[PDB]
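Peer 1: Experimental structure and sequence below.
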Amino acid sequence: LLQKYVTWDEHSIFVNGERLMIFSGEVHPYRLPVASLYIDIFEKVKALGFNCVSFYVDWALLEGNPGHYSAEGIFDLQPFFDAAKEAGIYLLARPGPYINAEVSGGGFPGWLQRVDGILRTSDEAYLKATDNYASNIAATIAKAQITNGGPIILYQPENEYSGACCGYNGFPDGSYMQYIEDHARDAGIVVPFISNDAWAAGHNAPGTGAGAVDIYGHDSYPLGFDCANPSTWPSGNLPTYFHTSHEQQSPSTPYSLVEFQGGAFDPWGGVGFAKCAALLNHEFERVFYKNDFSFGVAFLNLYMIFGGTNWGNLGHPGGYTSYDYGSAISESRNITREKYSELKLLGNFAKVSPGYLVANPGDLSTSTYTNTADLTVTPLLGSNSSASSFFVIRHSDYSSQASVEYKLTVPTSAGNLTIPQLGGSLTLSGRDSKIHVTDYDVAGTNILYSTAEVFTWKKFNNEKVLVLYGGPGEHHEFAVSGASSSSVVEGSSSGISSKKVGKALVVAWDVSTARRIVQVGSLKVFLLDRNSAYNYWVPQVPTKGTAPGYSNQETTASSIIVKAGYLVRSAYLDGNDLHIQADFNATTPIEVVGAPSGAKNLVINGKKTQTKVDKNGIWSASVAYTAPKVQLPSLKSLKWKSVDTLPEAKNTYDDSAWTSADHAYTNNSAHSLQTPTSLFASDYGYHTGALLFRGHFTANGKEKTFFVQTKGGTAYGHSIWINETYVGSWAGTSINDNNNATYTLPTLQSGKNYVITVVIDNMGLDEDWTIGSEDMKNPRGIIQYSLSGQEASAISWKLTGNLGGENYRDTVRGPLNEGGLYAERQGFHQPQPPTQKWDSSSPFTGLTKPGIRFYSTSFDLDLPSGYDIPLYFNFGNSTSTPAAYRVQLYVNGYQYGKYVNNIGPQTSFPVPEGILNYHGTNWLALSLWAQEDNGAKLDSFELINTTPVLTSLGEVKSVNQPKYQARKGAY
Ligand SMILES: *[C@@H]1O[C@H](CO)[C@@H](O[C@@H]2O[C@H](CO)[C@@H](O[C@@H]3O[C@H](CO[C@H]4O[C@H](CO[C@H]5O[C@H](CO)[C@@H](O)[C@H](O)[C@@H]5O[C@H]5O[C@H](CO)[C@@H](O)[C@H](O)[C@@H]5O)[C@@H](O)[C@H](O[C@H]5O[C@H](CO)[C@@H](O)[C@H](O)[C@@H]5O[C@H]5O[C@H](CO)[C@@H](O)[C@H](O)[C@@H]5O)[C@@H]4O)[C@@H](O)[C@H](O[C@@H]4O[C@H](CO)[C@@H](O)[C@H](O)[C@@H]4O)[C@@H]3O)[C@H](O)[C@H]2NC(C)=O)[C@H](O)[C@H]1NC(C)=O
Ligand SMILES: *[C@@H]1O[C@H](CO)[C@@H](O[C@@H]2O[C@H](CO)[C@@H](O[C@@H]3O[C@H](CO[C@H]4O[C@H](CO[C@H]5O[C@H](CO)[C@@H](O)[C@H](O)[C@@H]5O)[C@@H](O)[C@H](O[C@H]5O[C@H](CO)[C@@H](O)[C@H](O)[C@@H]5O)[C@@H]4O)[C@@H](O)[C@H](O[C@H]4O[C@H](CO)[C@@H](O)[C@H](O)[C@@H]4O)[C@@H]3O)[C@H](O)[C@H]2NC(C)=O)[C@H](O)[C@H]1NC(C)=O
Ligand SMILES: *[C@@H]1O[C@H](CO)[C@@H](O[C@@H]2O[C@H](CO)[C@@H](O[C@@H]3O[C@H](CO[C@H]4O[C@H](CO)[C@@H](O)[C@H](O[C@H]5O[C@H](CO)[C@@H](O)[C@H](O)[C@@H]5O)[C@@H]4O)[C@@H](O)[C@H](O)[C@@H]3O)[C@H](O)[C@H]2NC(C)=O)[C@H](O)[C@H]1NC(C)=O
Ligand SMILES: *[C@@H]1O[C@H](CO)[C@@H](O[C@@H]2O[C@H](CO)[C@@H](O[C@@H]3O[C@H](CO)[C@@H](O)[C@H](O)[C@@H]3O)[C@H](O)[C@H]2NC(C)=O)[C@H](O)[C@H]1NC(C)=O
Ligand SMILES: *[C@@H]1O[C@H](CO)[C@@H](O[C@@H]2O[C@H](CO)[C@@H](O)[C@H](O)[C@H]2NC(C)=O)[C@H](O)[C@H]1NC(C)=O
Ligand SMILES: *[C@@H]1O[C@H](CO)[C@@H](O)[C@H](O)[C@H]1NC(C)=O
Ligand SMILES: *[C@@H]1O[C@H](CO)[C@@H](O)[C@H](O)[C@H]1NC(C)=O
Ligand code: NA
Ligand code: NA
Ligand code: NA
């Protein structure tokens, strides 16, 4: 419409006038605040065979101060866009304004709690509040569009605009979506708009009038977000209606799953992301992702492919620090999980199978395509008798762990065939799914059919190579049209049969851990078992430069096949040297199939490597791996300095500079006040981290109890003191976001002044998933209070959150990073704090009573260069009954962890190189808040590493780490 770079028809999207099956992975730039590491994520995504990445932009981080959009330094998106382009990955931009994403406010900055309008509606105040952010982010995205030589090809307006409740009846509001769309277009956005309906409801589909997007898309998370039972696949959870609904809701556009389950989030007191990785494992992928292909999906994005970390309080209360998500690429960026390797097999199948996009999805059947009803097959039939067809097979009961033998009865250019034709039966093992192919094209050679799955294929000059694989214990068969005979050119000929049947040469074989290569004419067919296929890679090879280029027919055709190990990032030909960039985590045998004619030498990670060439023209070599020594500090043995970070609990404390909580009104349109003045922190500009309230009053001697209702979000906690006397604490739980408590008080002297100090942990602002719920407006602070024997107005309040509130002090680390604790307000969490007069006490000694202390220490690192080494800070928790205490982890000023001993479940906190300095000094800081009478201390706290990966990744540049500087107006 507005451009010709990205177009579409009923079958697929076209990029540069060429059909492209778009297989994407979700990555959030703000969850990995290290520019140097973006290229790593993109290369790992490209290595899966993917060609696109989908990303959100978090408004709360870019306009923390209303009226001032700021996306510089670690918040700069340019390095993210540049890495995508460098890696040859396109982008789907999803700026919101509302993104949900399990982030604080669902993306909404805390000041939205002061906006007099229902969020995500046409209410004037809400729309106006989004204008500054929307115009700025759209302009930034506009410059990176493919129409301007950038990687961005699609744009998503809003996010899961799919439902309302609670009094708001304007949904769906055509003019609302049209407003977002018009504003983006006015900002320069010309690429197509794609939606992401929460479910297949057809909202904003083409033809629905105002607000309609260009390509209708929807989401799906079939296994849910509770990973407690990783091996349980509930009955009926596998969707079977996506194609039907698509033809009814948006038949004119390519079927698109903008968000398809790639893992799951986990709540405070949850089960841990390891279980989520186990639930959404390699079996889940092959069964559910191939099920998506059975619907003819042309755009598939997996949420998440890499989750990252909710550092600096950017996450919502419904989750904790980690956002590992159990995705293919872990929080520490590793790709050891089997799900990564399995996904690579499907990604590479899609990349070399144009026939799949033009095939017509049909209805599933338990009788038409096999000899047993225990199996279900969904056909994707070619346009004519000679066109390629695909058959997605699975157990009829998708959760079945049974092994079933069968025979495939499918239509082909040679008529209806019953396979195997040479005898025996095929096997579908537990929780597996396969895509059988017929009349599949391999550079002009017709593969009449293949039961074993296609990993990849290439034409190297006059030689053709096809890579097939089957799972353990399977018998397979394939046929090549017009072929006369075959020869086993590698491996034993045992179990391999070859016979000319009709106008095709049929070859039968049994899966083995040993590779067999069968030569059929000019075609070399590699016969592999799944686990061997896991080690193959298909890097693109550009003629000029080192960048692979985007994925298209041409770059796909000039790619090569490399058998290696942990990872193969890229390859390029420089003169007569074939360069391969890869990572290794063990001794790795190397094989290169299809080295360019001009290539004479093999260079791996810049090192000339000894290679030999075999009868099949395969280059072979080996890369040695020797685990290097990784010297890490013993945290317990470091020199620690500490300071009381609750000076408010002393009679000498002066809070005159604090904000007076004196508004006899609230700007929160969803919650009326129950106190004389507003005690909702957002009404005063405090939206993140620890919040403190101090209520001053003159006693009348009749006081006995102090009732109070606090609210800090799920898993929050609070602690109270009256002058220097401890009153009590609400240690919190995984199911409470607020708490009502009546505390008794010591006797007070009439005529004397007292102050009640209430410290409240803020776990972030809630999302607003259902429009009209206004859940994002759930306040943080004091909701109710009553001092017995006194009028509520007898107490005058002061409050504080992060120093300066919306006029936040750390422009480099963002509006959410630091909370309101004394040490944070002073900036003591930054490198080189003023510890000269501090005490020499460590967190291992801790506190012997309720309170909050801040700790500091430093240590130097000089880790092995040339290695990608994940570092984690681990807290011990071997005790049966957990002590009640909260910890905030600060590394070089960046908060990278909120630890709640009594709630969990996180004990291991990864921190990326870039935040940590691997060849310099590091400043570690911790706040320790004891919420029990016995006090609190750390029993075990260590810095550990996991497998050092021999890498080709460039040196990681340390991000800006502003050192401590005395702050004006601090208190
Ligand atoms: C360096 O990086 C690499 C990555 O690049 C890291 O390697 C990855 O490590 C992962 C662990 O962290 C690992 O995942 C676990 O795998 C467990 C093993 O099961 C799988 O493998 C079986 C075959 O073993 C061979 O391959 C694996 C690796 O794939 C290897 O570890 C073995 O040593 C062995 O290798 C040798 O053979 C291959 C060729 O075959 C050669 O290439 C090698 O050189 C060696 O010679 C395989 O049978 C199994 O599949 C069966 O079981 C799964 C379910 O577990 C089914 O889905 C599947 O259908 C199949 O079941 C059928 O067949 C069997 C056998 O006939 C039959 O009995 C059944 O009835 C059915 O018919 C797997 O692919 C796995 O147990 C484990 O799972 C965990 O535990 C339980 C399992 O009970 C599970 O429910 C949990 O969810 C949990 O995940 C993991 O999946 C990756 O596979 C591995 N990837 C690669 C590429 O190697 C490496 O660790 C890292 N190094 C360091 C130091 O960090
Ligand atoms: C370090 O290791 C330790 C273990 O050594 C580990 O501690 C465990 O952590 C888990 C996860 O956080 C704890 O399990 C959860 O506990 C939740 C809290 O339970 C208590 O509080 C509940 C809420 O009470 C308040 O609110 C309600 C409602 O507003 C109100 O009525 C109350 O008055 C109060 O204000 C309360 O409901 C609950 O009561 C049950 O248990 C008591 C005690 O037996 C019993 O007397 C009651 O009759 C009732 O049965 C209890 O007082 C809990 O809410 C939560 O349950 C939800 O989630 C689970 C899934 O996990 C669901 O199955 C369930 O249906 C709920 O939705 C869950 O049980 C666990 O208690 C800790 N273990 C111990 C021994 O302390 C740390 O997390 C680890 N730390 C790290 C860093 O990893
Ligand atoms: C701590 O104690 C408080 C109460 O002191 C608990 O909160 C109350 O919980 C009960 C039980 O769930 C709720 O009762 C329901 O009330 C429904 C009617 O709600 C309206 O009328 C209420 C009475 O005045 C009013 O409080 C409530 O306010 C809410 O909506 C307003 C409009 O959006 C908004 O301005 C307010 O801020 C607030 O969100 C409504 O106007 C009734 O239909 C149900 O049958 C049931 O009786 C109370 O409504 C809750 N009170 C409030 C103010 O929310 C709280 O759960 C306790 N905490 C814990 C952990 O137990
Ligand atoms: C790759 O990154 C992931 C995610 O950061 C790392 O996974 C974590 O690995 C540890 C160590 O294996 C797991 O903890 C262990 O759990 C078992 C089972 O309870 C327990 O017996 C051990 O004592 C230990 O606690 C942890 O659960 C897991 N976390 C997640 C989120 O999956 C993995 O270690 C990294 N791999 C490499 C090589 O870097
Ligand atoms: C409770 O704490 C308050 C501080 O908020 C004390 O009042 C202050 O006391 C200091 C020291 O005498 C004076 O310099 C301040 O001017 C006082 N401020 C106020 C608001 O009165 C108060 O004395 C303490 N109460 C008791 C009995 O210890
Ligand atoms: C061949 O198979 C198709 C589909 O399985 C079936 O409809 C047809 O009757 C069979 N015979 C013909 C006409 O080729
Ligand atoms: C907050 O409320 C006050 C008093 O009603 C009003 O003057 C002010 O404009 C409001 N702020 C916003 C953001 O609406
Ligand atoms: Na080629
Ligand atoms: Na424990
Ligand atoms: Na735990």
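Peer 2: The structure has been received and is ready for your questions. Numbers count the residues shown, from 1 in each chain. Ligands and ions are numbered 1, 2, ... in the order given.
Peer 1: Spit out the contact partners of residue 578.
Peer 2: Contact analysis of residue 578 by Cβ atoms under 8 Å, 6 or more residues apart in numbering lists 541, 571, 572, 592, 595, 596, 599, 601, 602, 603. In this view, the C-beta of every residue, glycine as well, is placed from N, C-alpha and C.
Peer 1: Apply 10 Å and report the result again.
Peer 2: The neighbours of residue 578, taking Cβ atoms under 10 Å, 6 or more residues apart in numbering as the test, are 541, 560, 562, 571-572, 592, 595-596, 598-604, 609, 611, 619.
Peer 1: now check the helix or strand that residue 468 is a member of, is it near ligand 8?
Peer 2: Applying DSSP states H and E as the criterion places residue 468 in strand 463-470. No: with Cβ under 5 Å from the ion as the criterion, ligand 8 is not reached by strand 463-470; the gap is at least 9.5 Å.
Peer 1: for the helix or strand that that strand is followed by, the distance to its chain's centre please.
Peer 2: Using DSSP H and E, the helix or strand that follows strand 463-470 in sequence is strand 475-481. Here the centre of strand 475-481 is set off from its chain's centre by 39 Å, with Cα atoms, centre = their mean, to the nearest Å.
Peer 1: Okay, now the sheet partners of strand 475-481, with direction.
Peer 2: strand 445-450 (antiparallel), strand 504-510 (antiparallel) (DSSP bridges).
Peer 1: Let's have these in TSV, adding distance to ligand 10 and mean neighbour count.
Peer 2: Formatted as TSV, these follow (distance: least, Cβ to the ion, whole Å; neighbours: other Cβ atoms under 10 Å):
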stretch	distance to ligand 10	mean neighbour count
strand 445-450	46	24
strand 504-510	45	22
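Peer 1: I'd like those as a markdown table, with distance to residue 773 appended.
Peer 2: Shown next, in a markdown table, are the strands paired with strand 475-481 (distance: least, Cβ to Cβ, whole Å):
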| stretch | distance to residue 773 |
| --- | --- |
| strand 445-450 | 51 |
| strand 504-510 | 57 |
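Peer 1: residues near residue 688, how many?
Peer 2: Applying other Cβ atoms under 10 Å, we find 29 residues neighbouring residue 688.
Peer 1: so what's it closest to, chain neighbours aside?
Peer 2: residue 816 (4.5 Å; Cβ to Cβ, 6 or more residues apart in numbering).
Peer 1: could you check whether stretch 404-417 is close to ligand 6?
Peer 2: Yes: counting by Cβ under 6 Å from any ligand atom, ligand 6 is contacted by stretch 404-417 at 411, 416.
Peer 1: Next, the distance between the ends of that stretch.
Peer 2: Distance between the boundary residues of stretch 404-417 (Cα to Cα, to the nearest Å) amounts to 20 Å.
Peer 1: centre of the chain versus that stretch, how much separation?
Peer 2: Using Cα atoms, centre = their mean, the offset of stretch 404-417 from its chain centre is 40 Å.
Peer 1: so does that stretch get close to ligand 1?
Peer 2: No: judged by Cβ under 6 Å from any ligand atom, stretch 404-417 stays clear of ligand 1, getting no closer than 10.7 Å.
Peer 1: Ok, stretch 493-510 next?
Peer 2: No: using Cβ under 6 Å from any ligand atom, stretch 493-510 stays clear of ligand 1, with a minimum separation of 12.3 Å.
Peer 1: what's the offset of that stretch from the middle of its chain?
Peer 2: Worked out by Cα atoms, centre = their mean, stretch 493-510 lies 45 Å from the chain centre.
Peer 1: Quote the end-to-end distance of it.
Peer 2: Span of stretch 493-510 from end to end, Cα to Cα: 10 Å.
Peer 1: just stretch 605-623 next, same as before
Peer 2: Using Cα to Cα, the two ends of stretch 605-623 sit 10 Å apart.
Peer 1: Give the buried residues for that stretch.
Peer 2: Residues 605, 609, 611, 618, 619, 621, 623 are the ones in stretch 605-623 that count as buried (16 or more other Cβ atoms under 10 Å).
Peer 1: measure the fourth one to residue 526 for me?
Peer 2: Residue 618 is 10 Å from residue 526, where distance means Cβ to Cβ, to the nearest Å.
Peer 1: Need the overlap of contacts for the two.
Peer 2: With Cβ under 10 Å, 6+ apart as the test, residue 618 and residue 526 both reach 465, 490, 517, 561, 563, 593.
Peer 1: wait, which of those is closest to ligand 1?
Peer 2: residue 563 (9.5 Å; Cβ to the nearest ligand atom).
Peer 1: Measure how buried the one residue in the stretch 701-850 of the chain that gets nearest to ligand 8 is and give me the count.
Peer 2: Using Cβ to the ion, the single residue of the stretch 701-850 of the chain nearest to ligand 8 is residue 814, 47.0 Å away. Residues near residue 814, counting by other Cβ under 10 Å, number 26.
Peer 1: Which of the helices or strands spans residue 728?
Peer 2: Judged by DSSP H and E, residue 728 forms part of strand 725-730.
Peer 1: Point out the residues in this protein that sit beside ligand 6.
Peer 2: Checking the chain against ligand 6 by Cβ under 6 Å from any ligand atom, the hits are 368, 411, 416.
Peer 1: ok but the first one is inside a strand, no?
Peer 2: In this case it means residue 368. No: according to DSSP: H, G, I helix; E, B strand; the rest coil, residue 368 belongs to no strand; its state is coil.
Peer 1: Buried ones in stretch 449-468, by neighbour count?
Peer 2: Under 16+ other Cβ under 10 Å, the buried positions of stretch 449-468 are 449-460, 463-468.
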